[PDB]
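Below is the file target11.txt, which contains compact mmCIF, C-alpha atoms and all ligand atoms.
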# COMPACT_ATOMS: atom_id res chain seq x y z
CA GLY A 1 10.36 -8.32 -11.39
CA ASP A 2 9.70 -7.55 -7.73
CA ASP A 3 12.72 -8.58 -5.65
CA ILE A 4 13.58 -5.30 -3.94
CA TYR A 5 9.98 -4.26 -3.29
CA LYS A 6 8.91 -7.66 -1.97
CA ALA A 7 11.83 -7.38 0.46
CA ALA A 8 10.95 -3.80 1.39
CA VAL A 9 8.12 -5.09 3.58
CA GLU A 10 10.79 -6.88 5.62
CA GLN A 11 12.74 -3.66 6.10
CA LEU A 12 9.62 -1.89 7.35
CA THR A 13 9.03 -1.52 11.09
CA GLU A 14 6.33 -2.79 13.45
CA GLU A 15 4.74 0.66 13.32
CA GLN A 16 4.69 0.52 9.52
CA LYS A 17 2.71 -2.72 9.30
CA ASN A 18 0.24 -1.28 11.80
CA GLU A 19 -0.01 2.15 10.17
CA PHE A 20 -0.86 0.48 6.86
CA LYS A 21 -2.87 -2.28 8.55
CA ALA A 22 -5.52 0.15 9.81
CA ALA A 23 -5.90 1.19 6.17
CA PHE A 24 -6.55 -2.34 4.91
CA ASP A 25 -9.47 -2.54 7.35
CA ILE A 26 -11.35 0.03 5.27
CA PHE A 27 -9.71 -0.88 1.96
CA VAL A 28 -11.06 -4.41 2.37
CA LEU A 29 -14.44 -3.25 3.67
CA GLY A 30 -17.00 -5.92 2.88
CA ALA A 31 -14.35 -8.28 1.54
CA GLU A 32 -14.91 -11.88 2.66
CA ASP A 33 -11.18 -12.59 2.90
CA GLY A 34 -10.26 -9.06 3.95
CA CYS A 35 -8.55 -8.67 0.59
CA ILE A 36 -8.61 -5.85 -1.96
CA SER A 37 -10.24 -6.64 -5.30
CA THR A 38 -11.79 -4.80 -8.24
CA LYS A 39 -14.91 -4.24 -6.14
CA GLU A 40 -13.23 -2.92 -2.99
CA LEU A 41 -10.48 -1.08 -4.86
CA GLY A 42 -13.04 0.52 -7.15
CA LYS A 43 -14.84 1.87 -4.10
CA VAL A 44 -11.79 3.43 -2.42
CA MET A 45 -10.23 4.65 -5.66
CA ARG A 46 -13.47 6.47 -6.45
CA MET A 47 -13.55 7.92 -2.93
CA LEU A 48 -9.96 9.11 -3.28
CA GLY A 49 -11.21 11.70 -5.74
CA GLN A 50 -11.05 10.02 -9.14
CA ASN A 51 -13.11 7.87 -11.51
CA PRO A 52 -11.19 4.80 -12.73
CA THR A 53 -12.58 2.00 -14.90
CA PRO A 54 -13.54 -1.60 -14.05
CA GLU A 55 -11.13 -2.97 -16.66
CA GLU A 56 -8.17 -0.90 -15.46
CA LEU A 57 -8.93 -1.63 -11.80
CA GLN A 58 -8.31 -5.36 -12.19
CA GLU A 59 -5.03 -4.44 -13.89
CA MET A 60 -3.89 -2.70 -10.70
CA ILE A 61 -4.77 -5.57 -8.37
CA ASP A 62 -2.84 -8.10 -10.45
CA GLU A 63 -0.14 -5.49 -11.05
CA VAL A 64 0.55 -5.61 -7.31
CA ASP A 65 -0.64 -9.12 -6.50
CA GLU A 66 2.30 -11.41 -5.72
CA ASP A 67 0.47 -14.68 -6.37
CA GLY A 68 -2.10 -13.28 -8.78
CA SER A 69 -5.20 -14.72 -7.11
CA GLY A 70 -7.28 -11.64 -7.95
CA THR A 71 -7.07 -9.72 -4.69
CA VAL A 72 -4.52 -8.08 -2.38
CA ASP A 73 -3.85 -8.98 1.25
CA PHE A 74 -2.23 -6.93 4.01
CA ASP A 75 1.20 -8.10 2.85
CA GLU A 76 0.60 -7.61 -0.87
CA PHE A 77 -0.35 -4.04 0.03
CA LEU A 78 3.00 -3.22 1.64
CA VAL A 79 5.04 -4.40 -1.34
CA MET A 80 3.26 -1.83 -3.51
CA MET A 81 2.77 0.71 -0.73
CA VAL A 82 6.55 1.09 -0.54
CA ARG A 83 6.96 1.95 -4.22
CA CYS A 84 3.65 3.83 -4.16
CA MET A 85 5.00 6.62 -1.96
CA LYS A 86 8.44 6.39 -3.58
CA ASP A 87 6.79 6.86 -6.97
CA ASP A 88 9.15 4.23 -8.37
CA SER A 89 6.60 1.46 -8.96
CA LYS A 90 6.43 2.04 -12.71
CA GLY A 91 9.07 4.68 -13.32
CA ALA A 92 7.79 6.38 -16.47
CA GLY A 93 4.75 4.79 -18.09
CA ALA A 94 1.49 6.72 -17.93
CA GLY A 95 0.08 9.63 -15.94
CA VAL A 96 -2.06 7.12 -14.06
CA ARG A 97 -0.59 6.87 -10.56
CA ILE A 98 -2.09 6.33 -7.11
CA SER A 99 -0.81 8.29 -4.12
CA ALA A 100 0.07 6.16 -1.10
CA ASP A 101 -0.11 9.03 1.39
CA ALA A 102 -3.31 10.30 -0.22
CA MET A 103 -4.81 6.81 -0.02
CA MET A 104 -4.42 6.54 3.76
CA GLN A 105 -6.23 9.87 4.04
CA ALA A 106 -9.27 7.96 2.79
CA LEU A 107 -9.01 4.79 4.87
CA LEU A 108 -7.80 6.12 8.23
CA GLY A 109 -7.10 9.76 7.43
CA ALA A 110 -4.37 11.99 8.85
CA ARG A 111 -3.27 9.28 11.28
CA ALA A 112 -0.03 8.71 9.36
CA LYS A 113 2.96 10.95 10.06
CA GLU A 114 6.73 10.61 10.44
CA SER A 115 5.97 8.05 13.16
CA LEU A 116 4.97 5.71 10.34
CA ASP A 117 8.66 5.36 9.45
CA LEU A 118 9.69 4.37 12.98
CA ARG A 119 12.33 2.21 11.29
CA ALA A 120 14.53 5.32 11.32
CA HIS A 121 13.84 6.00 15.00
CA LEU A 122 15.59 2.97 16.48
CA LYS A 123 15.08 -0.74 15.78
CA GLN A 124 18.45 -2.19 16.78
CA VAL A 125 20.98 -2.49 19.60
CA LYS A 126 23.15 0.51 18.71
CA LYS A 127 23.27 4.31 18.86
CA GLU A 128 25.29 7.09 17.21
CA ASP A 129 25.58 10.88 17.20
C1 LIG B 1 -4.84 -3.33 -4.98
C2 LIG B 1 -4.12 -1.81 -5.35
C3 LIG B 1 -3.19 -1.73 -6.40
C4 LIG B 1 -2.60 -0.50 -6.73
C5 LIG B 1 -2.92 0.63 -5.96
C6 LIG B 1 -3.85 0.55 -4.93
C7 LIG B 1 -4.45 -0.67 -4.62
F1 LIG B 1 -5.34 -0.74 -3.62
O1 LIG B 1 -2.40 1.88 -6.19
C8 LIG B 1 -1.27 1.92 -7.07
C9 LIG B 1 -1.50 1.07 -8.32
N1 LIG B 1 -0.37 1.23 -9.28
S1 LIG B 1 -0.40 2.52 -10.37
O2 LIG B 1 0.61 2.26 -11.38
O3 LIG B 1 -0.40 3.76 -9.62
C10 LIG B 1 -1.90 2.57 -11.29
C11 LIG B 1 -3.01 3.40 -11.27
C12 LIG B 1 -3.94 2.96 -12.26
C13 LIG B 1 -5.23 3.53 -12.64
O4 LIG B 1 -6.15 2.81 -13.04
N2 LIG B 1 -5.40 4.88 -12.53
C14 LIG B 1 -4.72 5.96 -11.83
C15 LIG B 1 -5.99 6.82 -12.09
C16 LIG B 1 -6.93 6.93 -10.89
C17 LIG B 1 -5.72 8.12 -12.67
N3 LIG B 1 -5.50 9.16 -13.13
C18 LIG B 1 -6.41 5.74 -13.11
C19 LIG B 1 -3.34 1.87 -12.88
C20 LIG B 1 -3.80 1.00 -14.00
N4 LIG B 1 -2.12 1.65 -12.29
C21 LIG B 1 -1.63 -0.40 -7.88
CA CA B 2 -3.74 -12.27 -4.25

Please rewrite the model in this file as structure tokens.
Amino acid sequence: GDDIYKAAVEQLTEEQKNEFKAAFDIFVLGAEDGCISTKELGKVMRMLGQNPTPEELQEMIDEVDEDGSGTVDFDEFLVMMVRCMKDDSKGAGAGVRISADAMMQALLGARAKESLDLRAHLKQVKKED
């Protein structure tokens, strides 16, 4: 069940979508539909500093895929990206776990700081002390 996560993307801020967007550019490198599949994911995952398997890879894509087409778009990446950094995507299953912050370091790099969570800065018509 993904009701809270799927909604998380909505809570995100304009800066968030962009911060993560730049990552998809590299994450979907070569992809025909700019989506992340077993091929693309396998490339990045390996570059992150690990050595996953082709069978497990597909499990991740579908594990995050909302429709289950076989790949992940820019939106399907945010839904998981939220829980990825929160480390609450699985809870307590297996040691296997991808780092959201560490991932960006591969795609874009160190171009993701507090600014990423601009949502906290100010995205409404109000102010407090
Ligand atoms: C398309 C997409 C999906 C996911 C991505 C990043 C993406 F690009 O990252 C998070 C992933 N969910 S997960 O539960 O962390 C997770 C990690 C793994 C895995 O194969 N391994 C971790 C490993 C490298 C080790 N040790 C082996 C599995 C099976 N689930 C789902
Ligand atoms: Ca899909």

Which one of A:42, A:3, A:17, A:52 sits closest to ligand LIG 1 (chain B) if you count all atoms listed in the file?
->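 Smallest separation from ligand LIG 1 (chain B) among the options: A:52.
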
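Between residue 39 (chain A) and the residues A:69, A:58, A:115, A:13, the shortest atom-to-atom distance, using all atoms listed in the file, involves A:58.
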
List all protein, DNA and RNA residues that have an atom no more than 7 Å from any atom of ligand LIG 1 (chain B), counting only C-alpha atoms and all ligand atoms, and report them as a list in words.
->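 Listing the residues within 7 Å of ligand LIG 1 (chain B) gives residues 36, 37, 41, 45, 50, 51, 52, 53, 56, 57, 59, 60, 61, 63, 64, 71, 72, 77, 80, 84, 89, 90, 95, 96, 97, 98 and 99 of chain A.
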
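Atom pair CA of residue 35 (chain A) / CA of residue 74 (chain A): separated by 7.4 Å.
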
Nearest-residue call for ligand CA 2 (chain B), choices A:70, A:49, A:1, A:91, using only C-alpha atoms and all ligand atoms |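 Smallest distance to ligand CA 2 (chain B) is found for A:70.
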
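Between CA of residue 119 (chain A) and CA of residue 16 (chain A) lies a distance of 8.0 Å.
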
Within 7 Å of residue 48 (chain A) using only C-alpha atoms, minus same-chain residues under 3 positions, as a PyMOL selection string = chain A and resi 44-45+103+106

Pick out the closest residue to residue 109 (chain A) from this set: A:22, A:68, A:12, A:5. Count all atoms listed in the file.
->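 Of A:22, A:68, A:12, A:5, the one nearest residue 109 (chain A) is A:22, counting all atoms listed in the file.
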
Hey, can you check how far CA of residue 85 (chain A) sits from CA of residue 101 (chain A)?
-> 6.6 Å

Between A:46, A:93, A:110, A:79, which one has atoms that come closest to residue 11 (chain A), using all atoms listed in the file?
->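 Of A:46, A:93, A:110, A:79, the one nearest residue 11 (chain A), counting all atoms listed in the file, is A:79.
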